[PDB]
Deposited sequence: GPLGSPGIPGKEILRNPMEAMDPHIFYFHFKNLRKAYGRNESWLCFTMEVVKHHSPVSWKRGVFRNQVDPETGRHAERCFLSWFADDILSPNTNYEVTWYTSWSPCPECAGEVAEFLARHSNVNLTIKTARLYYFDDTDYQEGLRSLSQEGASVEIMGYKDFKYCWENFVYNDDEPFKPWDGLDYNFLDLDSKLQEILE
């Protein structure tokens, strides 16, 4: 159900943190996962989901095909959009019930509206132990190298990538603090 990588034009189109990209209705989710079964070697998985929100696609695949007893999980998501209010509520409840799953979420953009419900979704996710962060240069470069058919070309950042990170990280710390 998860793709191995996305097309380079699709990456630059959906993971931009500029205002133009706020019209993008699709939500892309790249993930890395360390699977840590007790007294076994660690195994790794990675892949890509697109929106059933991309979040629900990941959790449905995770729960049905991956989750197993006596196993801890270290999961990182790289998302084009931050989780919508309902999205965030599902993930928050999932994590409350699976303490063996640890989740870090890095997002390219926050939300289309600065609604109270979206803020509370993130706070609630953060409350249940998820780490919520904005994607910076290093995270976009990681995704380019690992989740995109980059064809061996270096990542080329877009104008304003770093300025917009500062603005988003500022907004996010005000939500979470």
query: Stretches with no C-alpha position, numbering per deposited sequence from 1; finding: 1 to 15, 67 to 73
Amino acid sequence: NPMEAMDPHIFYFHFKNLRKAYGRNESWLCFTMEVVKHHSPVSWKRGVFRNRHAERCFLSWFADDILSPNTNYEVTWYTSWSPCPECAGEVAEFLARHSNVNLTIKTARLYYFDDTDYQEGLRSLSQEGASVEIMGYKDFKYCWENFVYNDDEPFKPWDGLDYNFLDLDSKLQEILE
From here on, numbers count along this sequence of modelled residues.
{"item": "Stretch with the higher entry mean CA B-factor, where the candidates are 87 to 95 and 72 to 80", "value": "87 to 95"}
{"item": "Mean temperature factor over C-alpha atoms, higher-scoring stretch between 134 to 142 and 24 to 32", "value": "24 to 32"}
{"item": "C-alpha B-factor winner, where the candidates are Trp44, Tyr149, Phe49, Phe113", "value": "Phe113"}
{"item": "Residue with highest C-alpha B-factor in the PDB entry, from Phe165, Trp158, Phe155, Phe13", "value": "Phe13"}
